[PDB]
C-alpha cells in the first residue's frame, strides 16, 4: 500500500507528507486540491499518442530550411533488420501517406522518438533537425508501445488591522534592533509600521500592538504580512512572510511562532510563505493576530497620446503617479489595448476594497483580452512578482492554455520558475503546468527535472514544488515512474563518484587516474542499471559505460567527462553519448541562460534567420551539482592558442580549421558556420551582458561551430570578437572582407530581430535575475537589458550603436584576453 508513497518521496527528494515546517494546511490542501485536474487530463488524454509523444510543431518551415530541400522530395530510409531500403516523399506527406509502400508504426533509429499522427513530416521536429544539421532521416518499422504500460496506479470589520509583535528569539547571536511589519501586495508595500529599537540580545520581547492604517475589509487576497528584522543606518538581517488571508479566503488569526530566513534586491526567495525548517540555527519572530472572510471611452486628443505613450513603454519603465492615475481613470480605454494590461493593473490601488471591486468588473468585461493573439511576453509580465491577484494572474494563464506543446517547452523552465511568484501553493499556473505536463511525456519529463532541480536546492520553495511534482508523478504513468526511478538512481550513483573523486586531489596525478576508473567499473557491476534515459535528451537511452574514455579535469572543480554506449542497437551510429558531471557551481543559472538562448533561436526562426547557436543540454540535478551534454568534436579557443604557444597569434584558428577540414568544400562551410555562430553569440551575449569572456570558456566544433560555455561566471569589451576570429573572416586591424560584412550583416539583423521582441526578452531577463541569480537582482542589474537593447531608439540608430560595439572589439584585439592571466 504505502510503499508507493515512499517510492514517490525517493523520486522527489522531499517528504510531502511531513508537517514539521507548516503552520496551516495549505500544502496538504493543495495536495487534495490538485487531484481533480490530475484526474481530468489523465482521463481525457489519448493513451496511444501519449505513448508516442510525437514532437511536432505547427510553425512554418523557415526560408533557410526550405532552400535545403530536393524540390518537394525528401528521403526516409526505412530499416527492416539487417537491410534498409529508402523511400521518396514530399514534405506534406503524413506518416500514414508514407507508411503505405506496397498494425505497424514508424520510429527513429536509436531514439525513443516516433513519426506518427495527423501532421505532415515537415511538422515533426526530428525531420526539421535532420534537415538543419544536414542529415538524412532513418526510421524503423516497429510495433506501437503498449498503453497498458502507461496506466496510472489508480485509486468586513471596519477595524484597522493590528498585529501584536511579542518578540524575537534566536538560539545564538552588536547594536540595537527593530521589527518592521509591512502589509504587502506584489512587491508593493501598502502600509508599514516599525517597533522602537531594543538592545539586540538572544531574545527580545516587545509586547507591542503595531496598529496599521489599512482596514480589514480593505485587505486583498494575496496580501502578505512581511515581518523583517533590522539592526543599526540599519541593515536587514532576517525576513519572513505570512499570508494575511488564507487559502480558504479566511483572515489569519492567532499565535504564530515563525522561523525566519537570513541574508548574505528583488530576489524571488524574499516573497515566500515558506518558513525556515532549520529551527535550531534560525531566528524566529513571535506574533498574535486577533480579528470573517471577504466576498467574491471618449477622451481628449492630448491625453490619449499621453496614455498611448505610456502603454507603449517597456515593462521596466516606471509609472509615475500621474501615469498610474491616468491609466486608472481611463480604465476602459486602456482595457481596449492588451499591451496596457501590466501597466493598468500596476495602477490599481490594491489596499482599497471598492477599487479592487471595480478592478474585477473590469476583468469581467475582457472581451478584447480574451480574443487577442497570444503574446508570451505580455502573458509572462502578468505572472511576475509585480502581480499578486489571482484573477489578474489567471487571465495570463488563460492565454497560455492556447500554446501548442512545442512552445510550452520553450518556456517551461521559466513558467516553472514563475510559480515562485504565486502567493498561494494552489494556482492556475501550477495546475496548467501539471496538466500540460501530464498530457505530454516530453513536457512531463523536463517538468520532473525542473521541479526536482529547485526542490533539491531551494528551501524557500521546495515544499510547494514538492507538492506540484507529486501531483505530476501520481499521473505520469508507471512506465515513466520506472523511467524516473532509473534516472534518479544513476545520477545519485555518479554524483557520489563525482564528490568522492574531488576529495583526493590538490592535476590528475597517476593513481587518481585509476581510482576513478576503479569505481566506474566497480559501480558498473551489479548496481548501475543496464540502460537509462538522458535527462537533457529524453530520446537517447544510454546503457554501457565507456570506461576507457571517462576522465576528470585539471581545473579545480574536478568534473567527470563520462561516455556511454547507446543501449538501443538499432542506432546506426557508434558515437558514444557524452555527459559531464560537475559540482561546485550552480547550474540553475546555466539552465536559464541556455533556455534563453533557445528562445532567441526560435525568435530568429520567426524571421527566417538561423544563427546556429549551440545551446547544449544541461540539467541541475541537486545542490551545487548537475550534468552537461558533451558536444562531439569540440575544443576550446584556448587550446588552439596553447598548442602553438605565452600570449596569442592571429593565424592559429583558421589553421586549426583547415587542418580539421578534409575537403575544401566542407571547409568553407565551417568559415561560414563560424561567421553565423560568432554572430549569434556576439549578439546573444551582448544582450544578456555576458559577452566579456576568457577564451577557454568559448568553444568551436571541428565543423566550424563556435559556442560559449560555463555561464556560472580592469576595463571591458562588449563581447569576444578577438583577432583570431577576425582572422578567419579575412580581415586585420583596420580592413574588411567578403565575409566580415556578412557577419556585420547577420549581427545587425540578429540584434534588430531580438529588438522586435524587446518586451519579451526584457521580462525573461528580469525573471531570470530574480528567480535564479540571488547575487544580482538590483534595479540597476536588471536595467542593463534596456540599454543593451537600446529601448526607445529607432532601428537605424540601434545598428550604429551595435556596430560601434563591434568596433570597440576591433580597437582592443587582445587587451582584455591577456589581462585575465595574472
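Positions refer to the first chain, counted from 1. For clarity, a rigid core is taken as the largest C-alpha set superposing within 1.5 Å between two forms.
Across the superposed structures in 7 other deposited structures of this protein, aligned by the core, the stretch whose Cα atoms lie more distant on average is 509 to 517, chosen from 509 to 517 and 187 to 195. Rigid core fits of the other structures in 7 other deposited structures of this protein place the C-alpha atoms of one stretch farther away on average; of 67 to 75 and 491 to 499, that stretch is 67 to 75. Where the other entries of this protein model the residues before and after it, residue 265 is dropped from at least a third of them. In at least a third of the other PDB entries of this protein that model the residues around it, residue 295 has no coordinates. Missing deposited residues between residue 506 and residue 507: 1 to 3, all without coordinates in the entry. According to the record, the deposited sequence contains no missing residues between residue 80 and residue 81, so the chain is continuous there. Stretches 728 to 736 and 308 to 316 differ in mean C-alpha B factor, with the higher average recorded for 728 to 736. Look at the mean CA B-factor for 781 to 789 and for 65 to 73 in the entry; the higher one is 65 to 73. The entry lists C-alpha B-factors for 455, 512, 438, 191, and the highest of these is at 512. Reading the B-factor column for the CA atoms of 412, 89, 627, 392 in the entry, the top value corresponds to 89.
In this PDB entry, residue 648 carries a Cα temperature factor that places it within the highest third of its chain's modelled residues.
Annotation for residue 766: C-alpha temperature factor in the lowest third relative to the rest of the modelled chain, per the entry.
In this PDB entry, residue 489 carries a Cα temperature factor that places it within the middle third of its chain's modelled residues. Residue 417: CA B factor in the lowest third of modelled residues in this chain (values from the PDB entry). In the deposited entry, the Cα temperature factor of residue 775 sits in the top third of values across the chain's modelled residues.
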